[PDB]
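Novice: model the following, please.
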Amino acid sequence: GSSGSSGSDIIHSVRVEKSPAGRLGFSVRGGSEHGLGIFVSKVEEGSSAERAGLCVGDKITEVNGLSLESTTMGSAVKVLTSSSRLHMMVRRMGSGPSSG
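Specialist: Residues are numbered from 1 along each chain as shown. Please find the structure below.
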């Protein structure tokens, strides 16, 4: 049999809504150049992201099924801005870092 012990990496579920004007409710950094993907940097205030559960200190590995592990920002942005219900999934390992 398989016994459990200690936590483990899990995927996060979030649902961001579309917007009229202005970058997605959340701000992503990086893209296709180094080879990291799409990482969150900032999250607009009182936005759909903050409500969707998206906050600062997360990295979007996939969204709407489309994997952003080796995709350009633009494309991501598009899809990110092309939908009424985005499903982004970040990968957390634990701990809680701080900015400054």
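
Novice: number of residues surrounding residue 1?
Specialist: 2 (other C-beta atoms under 10 Å). (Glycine included, C-beta is placed from N, CA and C.)

Novice: likewise for residue 9?
Specialist: Count around residue 9 with other C-beta under 10 Å applied: 8.

Novice: how close does the closest residue to it other than its chain neighbours sit to residue 87?
Specialist: Leaving aside its chain neighbours, residue 9 sits nearest to residue 93 (5.4 Å; criterion: C-beta to C-beta, 6 or more residues apart in numbering). Residue 93 is 21 Å from residue 87, where distance means C-beta to C-beta, to the nearest Å.

Novice: so which of those two has more stuff around it?
Specialist: Taking other C-beta under 10 Å, residue 93 and residue 87 do not tie; residue 87 has more neighbours (15 against 8).

Novice: can I assume that one is in contact with residue 61?
Specialist: No. Contact criterion C-beta atoms under 8 Å: residue 87 and residue 61 do not qualify, at 12.0 Å.
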